[PDB]
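See below for my_file_3.cif, which holds mmCIF, C-alpha atoms and all ligand atoms.
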data_final
#
loop_
_atom_site.label_atom_id
_atom_site.label_comp_id
_atom_site.auth_asym_id
_atom_site.auth_seq_id
_atom_site.Cartn_x
_atom_site.Cartn_y
_atom_site.Cartn_z
CA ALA A 1 0.00 0.00 0.00
CA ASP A 2 1.32 3.42 -0.93
CA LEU A 3 0.85 6.69 0.97
CA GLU A 4 -2.47 7.58 -0.75
CA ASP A 5 -3.88 4.13 0.01
CA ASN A 6 -2.90 4.42 3.69
CA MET A 7 -4.51 7.87 3.91
CA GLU A 8 -7.77 6.54 2.47
CA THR A 9 -7.69 3.76 5.09
CA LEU A 10 -7.07 6.31 7.86
CA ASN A 11 -9.93 8.45 6.61
CA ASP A 12 -12.44 5.66 5.94
CA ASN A 13 -11.80 4.17 9.40
CA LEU A 14 -12.01 7.49 11.20
CA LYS A 15 -15.48 7.86 9.62
CA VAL A 16 -16.46 4.39 10.89
CA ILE A 17 -15.36 5.40 14.39
CA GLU A 18 -17.28 8.66 14.52
CA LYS A 19 -20.47 7.06 13.19
CA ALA A 20 -20.32 3.91 15.33
CA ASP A 21 -22.59 2.58 18.07
CA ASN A 22 -20.38 0.11 19.69
CA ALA A 23 -16.92 -0.85 20.95
CA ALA A 24 -16.41 -3.63 18.43
CA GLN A 25 -16.43 -1.36 15.37
CA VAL A 26 -14.41 1.33 17.17
CA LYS A 27 -11.70 -1.16 18.20
CA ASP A 28 -11.58 -2.73 14.75
CA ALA A 29 -11.30 0.66 12.98
CA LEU A 30 -8.60 1.95 15.35
CA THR A 31 -6.66 -1.27 14.73
CA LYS A 32 -6.84 -0.77 10.99
CA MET A 33 -5.80 2.87 11.47
CA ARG A 34 -2.79 1.81 13.53
CA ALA A 35 -1.63 -0.53 10.75
CA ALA A 36 -2.15 2.12 8.07
CA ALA A 37 -0.23 4.74 10.11
CA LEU A 38 2.75 2.42 10.69
CA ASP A 39 2.75 1.65 6.97
CA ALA A 40 2.66 5.33 5.98
CA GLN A 41 5.53 6.08 8.39
CA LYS A 42 7.99 4.55 5.93
CA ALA A 43 6.89 6.68 3.00
CA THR A 44 8.43 9.88 1.59
CA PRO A 45 5.72 12.33 0.53
CA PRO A 46 5.78 14.16 -2.85
CA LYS A 47 6.69 17.55 -1.33
CA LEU A 48 9.72 16.08 0.40
CA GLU A 49 11.12 13.81 -2.28
CA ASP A 50 14.11 16.06 -2.85
CA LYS A 51 14.98 16.58 0.83
CA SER A 52 17.54 14.72 2.88
CA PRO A 53 16.26 12.01 5.29
CA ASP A 54 17.50 14.01 8.26
CA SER A 55 16.24 17.35 7.16
CA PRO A 56 13.98 18.89 9.82
CA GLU A 57 11.10 18.54 7.30
CA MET A 58 11.55 14.83 7.07
CA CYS A 59 12.01 14.40 10.84
CA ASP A 60 8.93 16.62 11.32
CA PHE A 61 6.96 14.34 9.02
CA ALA A 62 7.97 11.15 10.83
CA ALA A 63 7.25 12.78 14.19
CA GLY A 64 3.65 13.38 13.07
CA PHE A 65 3.04 9.69 12.49
CA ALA A 66 4.73 8.80 15.79
CA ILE A 67 2.28 11.12 17.49
CA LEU A 68 -0.63 9.76 15.47
CA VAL A 69 0.34 6.18 16.33
CA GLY A 70 0.51 7.08 20.03
CA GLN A 71 -2.88 8.76 19.88
CA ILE A 72 -4.45 5.73 18.14
CA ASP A 73 -2.99 3.51 20.91
CA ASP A 74 -4.51 5.76 23.58
CA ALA A 75 -7.93 5.62 21.92
CA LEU A 76 -7.56 1.85 21.48
CA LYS A 77 -6.87 1.32 25.20
CA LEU A 78 -10.01 3.31 25.91
CA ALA A 79 -12.04 1.25 23.45
CA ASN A 80 -10.67 -2.01 24.93
CA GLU A 81 -12.04 -0.94 28.33
CA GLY A 82 -15.47 -0.35 26.78
CA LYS A 83 -15.30 3.44 27.06
CA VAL A 84 -16.71 3.87 23.56
CA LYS A 85 -17.71 7.52 23.86
CA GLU A 86 -14.31 8.35 25.34
CA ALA A 87 -12.44 6.44 22.63
CA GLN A 88 -14.55 8.32 20.11
CA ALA A 89 -13.63 11.73 21.60
CA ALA A 90 -9.99 10.60 21.45
CA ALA A 91 -10.41 9.88 17.71
CA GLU A 92 -11.90 13.30 17.11
CA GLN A 93 -8.98 14.92 18.99
CA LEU A 94 -6.43 13.34 16.75
CA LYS A 95 -7.85 14.98 13.65
CA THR A 96 -5.53 17.84 14.72
CA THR A 97 -2.63 15.57 13.92
CA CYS A 98 -4.04 14.74 10.44
CA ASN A 99 -4.86 18.38 9.71
CA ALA A 100 -1.61 19.99 10.98
CA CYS A 101 0.48 17.61 8.88
CA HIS A 102 -1.66 18.14 5.77
CA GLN A 103 -1.33 21.90 6.32
CA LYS A 104 2.46 21.66 5.76
CA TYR A 105 2.97 18.59 3.56
CA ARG A 106 -0.18 17.89 1.55
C1 LIG B 201 -6.05 10.22 10.95
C2 LIG B 201 -5.38 11.28 10.42
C3 LIG B 201 -5.31 11.44 8.89
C4 LIG B 201 -6.30 11.35 7.99
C5 LIG B 201 -7.82 11.16 8.26
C6 LIG B 201 -5.74 11.62 6.68
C7 LIG B 201 -6.46 11.68 5.49
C8 LIG B 201 -5.90 11.86 4.24
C9 LIG B 201 -6.59 11.87 2.97
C10 LIG B 201 -8.10 11.60 2.72
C11 LIG B 201 -5.72 12.23 2.04
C12 LIG B 201 -5.96 12.21 0.51
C13 LIG B 201 -5.47 10.85 0.00
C14 LIG B 201 -5.59 10.75 -1.52
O1 LIG B 201 -4.94 11.52 -2.26
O2 LIG B 201 -6.41 9.95 -2.01
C15 LIG B 201 -4.44 12.41 2.66
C16 LIG B 201 -3.28 12.79 2.02
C17 LIG B 201 -2.07 13.05 2.60
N1 LIG B 201 -1.77 12.97 3.95
FE1 LIG B 201 -3.11 12.41 5.39
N2 LIG B 201 -4.39 11.82 6.82
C18 LIG B 201 -4.10 11.76 8.17
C19 LIG B 201 -2.87 11.85 8.77
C20 LIG B 201 -1.76 12.32 8.14
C21 LIG B 201 -0.53 12.67 8.78
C22 LIG B 201 -0.24 12.56 10.29
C23 LIG B 201 0.30 13.16 7.84
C24 LIG B 201 1.77 13.55 8.05
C25 LIG B 201 2.40 13.17 9.17
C26 LIG B 201 -0.37 13.03 6.56
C27 LIG B 201 0.22 13.30 5.35
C28 LIG B 201 -0.43 13.27 4.16
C29 LIG B 201 0.22 13.55 2.89
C30 LIG B 201 1.67 14.05 2.66
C31 LIG B 201 -0.92 13.57 1.90
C32 LIG B 201 -0.76 13.71 0.37
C33 LIG B 201 -0.29 12.36 -0.16
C34 LIG B 201 -0.17 12.41 -1.68
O3 LIG B 201 -0.81 13.27 -2.35
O4 LIG B 201 0.57 11.56 -2.21
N3 LIG B 201 -1.67 12.55 6.76
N4 LIG B 201 -4.60 12.26 4.03
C1 LIG B 202 14.58 12.56 11.96
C2 LIG B 202 13.79 11.58 11.15
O1 LIG B 202 12.77 11.07 11.56
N1 LIG B 202 14.35 11.22 10.00
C3 LIG B 202 13.73 10.39 9.06
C4 LIG B 202 12.46 10.73 8.58
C5 LIG B 202 11.88 9.98 7.58
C6 LIG B 202 10.57 10.24 7.16
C7 LIG B 202 10.01 9.43 6.18
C8 LIG B 202 10.81 8.49 5.52
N2 LIG B 202 12.03 8.20 5.99
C9 LIG B 202 12.59 8.94 6.97
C10 LIG B 202 13.90 8.67 7.38
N3 LIG B 202 14.62 7.71 6.75
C11 LIG B 202 15.87 7.43 7.11
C12 LIG B 202 16.51 8.15 8.10
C13 LIG B 202 15.79 9.15 8.76
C14 LIG B 202 14.49 9.43 8.38
#

What is this structure when it is put down as structure tokens?
Ligand code: HEM
Ligand SMILES: CC(=O)Nc1cc2cccnc2c2ncccc12
Amino acid sequence: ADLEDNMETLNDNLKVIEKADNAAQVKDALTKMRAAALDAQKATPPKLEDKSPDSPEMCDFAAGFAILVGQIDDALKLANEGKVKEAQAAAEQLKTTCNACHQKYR
């Protein structure tokens, strides 16, 4: 899966989470998100393809997934404890991570 594919997975699954009723779908979606985030972490985006791997832009980019992955884990712990509404608020919060990265690198 390339970067676009992983982004679609992140987006589709975030929509499942916000619309859901139940812990099962929230857990499942978060789990798919986690996978997609770890996969995207290895990618170099179009805007950065001419930078060096240890340019601040590139380290910034990786840092944003590392945050996202941590946030997904936090929501997933919540969902595992049956705090569906709380897990769901956690998912909404981490849109900031999506949006702040897109603002620079999309
Ligand atoms: C859960 C959070 C996120 C969601 C919902 C999300 C959603 C999406 C979507 C719908 C697109 C368009 C994909 C396409 O062209 O078909 C996209 C593109 C992109 N996203 Fe995200 N994203 C998220 C997190 C991130 C993060 C954290 C970053 C950077 C750390 C990021 C970097 C990018 C890049 C660089 C593009 C453009 C990729 C390209 O055109 O090849 N995204 N994202
Ligand atoms: C500071 C940082 O996270 N650098 C990196 C950031 C990266 C971001 C996306 C793709 N690869 C890298 C990378 N690859 C090899 C060595 C370092 C990096």

Using all atoms listed in the file, can you tell me which of A:35, A:75, A:1, A:62 comes closest to ligand LIG 201 (chain B)? A:62

Distance query residue 34 of chain A at most 7 Å, only C-alpha atoms, self and fewer than 4 positions along chain excluded, as an NGL selection string: :A and (30 or 38 or 69 or 72)

For ligand LIG 202 (chain B), return the neighbouring residues as a list in words (distance at most 9 Å; all atoms listed in the file).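 Checking all atoms listed in the file against ligand LIG 202 (chain B) at 9 Å gives residues 40, 41, 42, 43, 44, 45, 48, 52, 53, 54, 55, 56, 57, 58, 59, 60, 61, 62 and 63 of chain A.
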
Counting only C-alpha atoms and all ligand atoms, name the residues that have an atom within 10 Å of an atom of ligand LIG 201 (chain B); the answer should be given as a ChimeraX atom specification. /A:2-15,30,33-34,36-37,40-41,43-48,58-69,71-72,91-106

Now that the selection is made, can you save its residues with C-alpha atoms as a PDB file, in the coordinates of the input?
ATOM      1  CA  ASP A   2       1.320   3.420  -0.930  1.00  0.00           C
ATOM      2  CA  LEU A   3       0.850   6.690   0.970  1.00  0.00           C
ATOM      3  CA  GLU A   4      -2.470   7.580  -0.750  1.00  0.00           C
ATOM      4  CA  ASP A   5      -3.880   4.130   0.010  1.00  0.00           C
ATOM      5  CA  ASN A   6      -2.900   4.420   3.690  1.00  0.00           C
ATOM      6  CA  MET A   7      -4.510   7.870   3.910  1.00  0.00           C
ATOM      7  CA  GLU A   8      -7.770   6.540   2.470  1.00  0.00           C
ATOM      8  CA  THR A   9      -7.690   3.760   5.090  1.00  0.00           C
ATOM      9  CA  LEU A  10      -7.070   6.310   7.860  1.00  0.00           C
ATOM     10  CA  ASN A  11      -9.930   8.450   6.610  1.00  0.00           C
ATOM     11  CA  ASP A  12     -12.440   5.660   5.940  1.00  0.00           C
ATOM     12  CA  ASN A  13     -11.800   4.170   9.400  1.00  0.00           C
ATOM     13  CA  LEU A  14     -12.010   7.490  11.200  1.00  0.00           C
ATOM     14  CA  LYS A  15     -15.480   7.860   9.620  1.00  0.00           C
ATOM     15  CA  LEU A  30      -8.600   1.950  15.350  1.00  0.00           C
ATOM     16  CA  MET A  33      -5.800   2.870  11.470  1.00  0.00           C
ATOM     17  CA  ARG A  34      -2.790   1.810  13.530  1.00  0.00           C
ATOM     18  CA  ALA A  36      -2.150   2.120   8.070  1.00  0.00           C
ATOM     19  CA  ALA A  37      -0.230   4.740  10.110  1.00  0.00           C
ATOM     20  CA  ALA A  40       2.660   5.330   5.980  1.00  0.00           C
ATOM     21  CA  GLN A  41       5.530   6.080   8.390  1.00  0.00           C
ATOM     22  CA  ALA A  43       6.890   6.680   3.000  1.00  0.00           C
ATOM     23  CA  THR A  44       8.430   9.880   1.590  1.00  0.00           C
ATOM     24  CA  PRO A  45       5.720  12.330   0.530  1.00  0.00           C
ATOM     25  CA  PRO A  46       5.780  14.160  -2.850  1.00  0.00           C
ATOM     26  CA  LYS A  47       6.690  17.550  -1.330  1.00  0.00           C
ATOM     27  CA  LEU A  48       9.720  16.080   0.400  1.00  0.00           C
ATOM     28  CA  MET A  58      11.550  14.830   7.070  1.00  0.00           C
ATOM     29  CA  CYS A  59      12.010  14.400  10.840  1.00  0.00           C
ATOM     30  CA  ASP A  60       8.930  16.620  11.320  1.00  0.00           C
ATOM     31  CA  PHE A  61       6.960  14.340   9.020  1.00  0.00           C
ATOM     32  CA  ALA A  62       7.970  11.150  10.830  1.00  0.00           C
ATOM     33  CA  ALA A  63       7.250  12.780  14.190  1.00  0.00           C
ATOM     34  CA  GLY A  64       3.650  13.380  13.070  1.00  0.00           C
ATOM     35  CA  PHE A  65       3.040   9.690  12.490  1.00  0.00           C
ATOM     36  CA  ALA A  66       4.730   8.800  15.790  1.00  0.00           C
ATOM     37  CA  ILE A  67       2.280  11.120  17.490  1.00  0.00           C
ATOM     38  CA  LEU A  68      -0.630   9.760  15.470  1.00  0.00           C
ATOM     39  CA  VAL A  69       0.340   6.180  16.330  1.00  0.00           C
ATOM     40  CA  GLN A  71      -2.880   8.760  19.880  1.00  0.00           C
ATOM     41  CA  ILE A  72      -4.450   5.730  18.140  1.00  0.00           C
ATOM     42  CA  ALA A  91     -10.410   9.880  17.710  1.00  0.00           C
ATOM     43  CA  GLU A  92     -11.900  13.300  17.110  1.00  0.00           C
ATOM     44  CA  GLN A  93      -8.980  14.920  18.990  1.00  0.00           C
ATOM     45  CA  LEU A  94      -6.430  13.340  16.750  1.00  0.00           C
ATOM     46  CA  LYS A  95      -7.850  14.980  13.650  1.00  0.00           C
ATOM     47  CA  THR A  96      -5.530  17.840  14.720  1.00  0.00           C
ATOM     48  CA  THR A  97      -2.630  15.570  13.920  1.00  0.00           C
ATOM     49  CA  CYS A  98      -4.040  14.740  10.440  1.00  0.00           C
ATOM     50  CA  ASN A  99      -4.860  18.380   9.710  1.00  0.00           C
ATOM     51  CA  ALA A 100      -1.610  19.990  10.980  1.00  0.00           C
ATOM     52  CA  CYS A 101       0.480  17.610   8.880  1.00  0.00           C
ATOM     53  CA  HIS A 102      -1.660  18.140   5.770  1.00  0.00           C
ATOM     54  CA  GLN A 103      -1.330  21.900   6.320  1.00  0.00           C
ATOM     55  CA  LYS A 104       2.460  21.660   5.760  1.00  0.00           C
ATOM     56  CA  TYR A 105       2.970  18.590   3.560  1.00  0.00           C
ATOM     57  CA  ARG A 106      -0.180  17.890   1.550  1.00  0.00           C
TER      58      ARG A 106
END

Report as lines of an AutoDock Vina configuration file the centre and the edge lengths, in Å to one decimal, of the axis-aligned box holding every listed atom of segment 76-88 of chain A, padded by 3 Å on each side.
center_x = -12.3
center_y = 3.2
center_z = 24.2
size_x = 16.8
size_y = 16.4
size_z = 14.2

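Across the model, the gap from atom CA of residue 89 of chain A to atom CA of residue 73 of chain A is 13.5 Å.
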